[PDB]
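Take a look at the structure below.
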Amino acid sequence: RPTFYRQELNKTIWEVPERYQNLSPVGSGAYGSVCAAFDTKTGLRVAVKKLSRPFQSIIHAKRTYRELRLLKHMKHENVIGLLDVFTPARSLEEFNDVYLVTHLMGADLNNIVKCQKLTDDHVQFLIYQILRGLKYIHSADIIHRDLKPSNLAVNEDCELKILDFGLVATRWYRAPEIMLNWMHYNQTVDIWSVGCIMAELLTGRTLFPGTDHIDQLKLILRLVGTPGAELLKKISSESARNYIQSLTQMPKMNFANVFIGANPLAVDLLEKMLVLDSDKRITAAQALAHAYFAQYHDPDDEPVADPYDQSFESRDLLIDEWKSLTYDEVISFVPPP
Ligand SMILES: Cc1ccc(C(=O)NCCO)cc1-n1cnc(OCc2ccc(F)cc2F)c(Cl)c1=O
Ligand SMILES: Fc1ccc(-c2c[nH]nc2-c2ccncc2)cc1
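Counting with full-length UniProt numbering, you get residues 5 to 171, 183 to 352 for the letters of the sequence shown.
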């Protein structure tokens, strides 16, 4: 066990191994506090995330386990992975804090969009990276569900990694079927989000800036049209059909006209990602092969993930049990070296 050192940063206590120096708060990492730091052992700048109240309730305990399991599984260039995981606790009974560390990226997609006009060439590279990461995540039967600019970390080399997977209004990038509360959505809910993100990078404005679930749905339908007959046939909810069918019917817009001066190849891809009926949307794998990514696409360098065991998701355990499982995972961790 390494030697730990304690300090206080913004009301939060940080007890980390001496190997990590110069901790500096950067922001909220979704249910956790994050500090940029220097890893004296590797010489790399890293981000360290301290989970907040990891075992406060059964929900928190299961979420803590879930996050650790997901991070230990992800080993891809465009997906946040783990360099180290630790706790200052010397025993299970004492175990009450979890710290996760990854390579520091330093910015998010929003820090690249605001008052900044990216070239079509840049959009190709950024979206290519998101899709390469999604192909990997999706191959593990994991759905991100909340893809947005703030969950896309980007470094100075314009390299990108997806963070907060499987765990700036969030509603703006949500698939319409989610706004409708459909419980049987598929992985293309993530493709919808990519489409909203790509459109935003090309235009400089949020594609669908809804003020609530209702407004969000309305803005989406104005562009992609209200449901056609084939899609309407798939809606089981009487209440959903009443609301949707009572709306003034709207045709799908042209897209070539909506996105006027954008690369026609980008418009074509946008049409395939933003198809209303989720069963007709392009997959991450198919998108990678689209002509828009010709200068980046390589089928031999777009890896799939090893199988991921999500069976625990259906289990109802006690807090102490989720805690013990998480402790087991912290101890069995083997760093990249
Ligand atoms: C998205 C962002 C924006 C700006 C800055 C930043 O340094 N700027 C200062 C304030 O904006 C840092 C970040 N930023 C935030 N979280 C990051 O990772 C969180 C994280 C996830 C999993 C782990 F296992 C360990 C972690 F720690 C990274 Cl890897 C990052 O890069
Ligand atoms: F207004 C609507 C109606 C339907 C969708 C929708 C898009 N893809 N799949 C569905 C869907 C919704 C409910 N049940 C089955 C499919 C979205 C918004």
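Heads up, the beta-carbon is just placed ideally off N, CA and C, and yes, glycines get one too.
**Report entry** Contact check, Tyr103 vs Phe90, beta carbons under 8 Å
**Finding:** Here residue 103 refers to the residue found at position 99 when the sequence shown is read from its first residue. Here residue 90 refers to the residue found at position 86 when the sequence shown is read from its first residue. A contact, by the Cβ cut-off of 8 Å.
Query raised in the report: Out of curiosity, what's the CA-to-CA distance linking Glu97 and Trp18?
Result: Against the sequence shown, residue 97 aligns to sequence position 93. Against the sequence shown, residue 18 aligns to sequence position 14. Taking the straight line joining both Cα atoms gives about 20 Å.
Report task. Could you check which residue in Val209, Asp112, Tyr132 and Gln128 has the C-alpha nearest to that of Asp150? Result -> For the purposes of this step, residue 150 is identified with residue 146 of the sequence shown, where counting begins at 1. Nearest of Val209, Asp112, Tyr132 and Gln128 to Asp150, Cα basis: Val209.
Query raised in the report: Would you say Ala306 touches ligand 1, meaning its beta carbon is less than 7 Å from a heavy atom?
Result: For this step, residue 306 is matched to residue 291 along the sequence shown. False, no ligand heavy atom lies under 7 Å from that Cβ.
Query raised in the report: Going by the C-beta, is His199 closer than 7 Å to any heavy atom of ligand 1?
Result: Within the sequence shown, the letter at position 184 stands for residue 199. It does not: the Cβ of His199 is nowhere closer than 7 Å to a heavy atom of ligand 1.
**Report entry** Delimiting residues of the beta strand (DSSP E) encompassing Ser32
**Finding:** In the sequence shown, residue 32 corresponds to position 28, counting from 1. Segment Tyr24 to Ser32, the beta strand (DSSP E) holding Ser32.
Report task. Whole angstroms is fine: what's the gap from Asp125's alpha carbon to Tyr311's? Result -> Here the question's residue 125 lines up with position 121 in the sequence shown. Here the question's residue 311 lines up with position 296 in the sequence shown. The straight-line gap from Cα to Cα measures roughly 10 Å.
Requested in this report: Go ahead and pull the three-state DSSP assignment for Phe42.
Outcome: As a first step, residue 42 is located in the sequence shown; it is residue number 38 there, counting from the start. Looking at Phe42 - three-state DSSP - the assignment turns out to be strand.
Requested in this report: Can you tell me which of the three DSSP states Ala244 falls into?
Outcome: By 1-based counting over the sequence shown, the position of residue 244 is 229. It is helical.
Query raised in the report: Are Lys139 and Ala244 closer than 8 Å when you measure CB to CB?
Result: Within the sequence shown, numbered from 1, the residue matching residue 139 stands at position 135. Within the sequence shown, numbered from 1, the residue matching residue 244 stands at position 229. No.
Report task. Write down every uninterrupted run of the alpha helix (DSSP H) in the region 46–87 whose length is 4 residues or greater and which is fully enclosed by it, in chain order. Result -> 62–77
Query - Beta-carbon proximity check, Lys53 vs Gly85, cutoff 8 Å - result: Translated into the one-based positions of the sequence shown, residue 53 becomes position 49. Translated into the one-based positions of the sequence shown, residue 85 becomes position 81. Against a cut-off of 8 Å, the Cβ pair of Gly85 and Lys53 comes out as no contact.
Query raised in the report: Using a Cβ-Cβ cut-off of 8 Å (strictly less than) and excluding sequence neighbours within five positions of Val282, which residues of its own chain qualify?
Result: Sequence index remark: in the sequence shown, residue 282 carries index 267 (1-based). The residues are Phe270, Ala271 and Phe274.
**Report entry** Same chain, Cβ closer than 7 Å to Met268, five either side skipped, listed in chain order
**Finding:** In the sequence shown, residue 268 corresponds to position 253, counting from 1. Around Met268: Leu238.
Query - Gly219 versus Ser347 - alpha carbon distance - result: Here residue 219 refers to the residue found at position 204 of the sequence shown. Here residue 347 refers to the residue found at position 332 of the sequence shown. Cα-Cα distance, rounded: 45 Å.
Query raised in the report: In the DSSP assignment, what residue or residues form a beta bridge with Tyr9?
Result: As a first step, residue 9 must be located in the sequence shown, where it is residue number 5. According to DSSP, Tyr9 bridges with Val20.
Query raised in the report: Who are the near neighbours of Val158 in its chain, counting only those whose CB is closer than 7 Å to its CB and skipping five residues on each side?
Result: Stepping through the sequence shown from its first residue, residue 158 is reached at position 154. The residues are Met109, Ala111, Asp112, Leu113, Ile116 and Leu164.
Query raised in the report: Skipping 5 residues on each side, what residues in its chain have a beta carbon closer than 7 Å to that of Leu303?
Result: As a first step, residue 303 is located in the sequence shown; it is residue number 288 there, counting from the start. Correct list, in chain order: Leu135, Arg136, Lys139, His312 and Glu317.
Query raised in the report: Should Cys39 and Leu48 be called a contact, given that it needs their Cβ atoms to be closer than 8 Å?
Result: For the purposes of this step, residue 39 is taken as residue 35 along the sequence shown, with counting starting at 1. For the purposes of this step, residue 48 is taken as residue 44 along the sequence shown, with counting starting at 1. Contact flag unset, no.
Query raised in the report: Taking Cβ positions, are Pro58 and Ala51 nearer each other than 8 Å?
Result: In the sequence shown, residue 58 corresponds to position 54, counting from 1. In the sequence shown, residue 51 corresponds to position 47, counting from 1. Not a contact, by the Cβ cut-off of 8 Å.
Report task. Consider the C-beta atom of residue 182 and the heavy atoms of ligand 2; say whether any pair is separated by less than 7 Å. Result -> For residue 182, no position is available: the coordinates of the chain end at 171 and pick up again at 183.
Query raised in the report: Distance, Cα to Cα, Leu72 vs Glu344?
Result: Taking the first residue of the sequence shown as 1, we reach residue 72 at position 68. Taking the first residue of the sequence shown as 1, we reach residue 344 at position 329. Answer to the nearest angstrom: the Cα atoms are 7 Å apart.
Query raised in the report: Looking at the unbroken beta strand (DSSP E) that takes in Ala157, where does it start and where does it end?
Result: If you number the sequence shown from 1, residue 157 lands on position 153. Run containing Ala157: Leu156 to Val158, per the beta strand (DSSP E) assignment.
Query raised in the report: Is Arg67 closer than 8 Å to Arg5 when the C-beta atoms are compared?
Result: Taking the first residue of the sequence shown as 1, we reach residue 5 at position 1. Taking the first residue of the sequence shown as 1, we reach residue 67 at position 63. Taking 8 Å as the Cβ cut-off, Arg5 and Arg67 do not qualify as a contacting pair.
Query raised in the report: Using DSSP with H/G/I as helix, E/B as strand and the rest coil, what is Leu236?
Result: The sequence position of residue 236 within the sequence shown is 221, counting from 1. Of the three classes helix, strand and coil, the one that applies to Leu236 here is helix, per DSSP.
Query - Cβ separation of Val83 and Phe169, assumed to be a contact under 8 Å, to the nearest whole Å - result: As a position in the sequence shown, residue 83 is number 79, starting the count at 1. As a position in the sequence shown, residue 169 is number 165, starting the count at 1. About 7 Å separates the two Cβ atoms, so the contact holds.
Query raised in the report: Does the Cβ of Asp112 lie closer than 7 Å to at least one heavy atom of ligand 1?
Result: The count along the sequence shown starts at 1 and reaches residue 112 at position 108. It does: the Cβ of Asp112 is within 7 Å (strictly closer) of some heavy atom of ligand 1.
Query raised in the report: Where DSSP assigns a beta bridge to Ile346, which residues make up the other side?
Result: In the sequence shown, residue 346 corresponds to position 331, counting from 1. Answer is none; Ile346 lacks a bridge partner.
**Report entry** Identity of the residues DSSP links to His107 by a beta bridge
**Finding:** Walking along the sequence shown from the start, residue 107 turns up at place 103. Partner(s): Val50.
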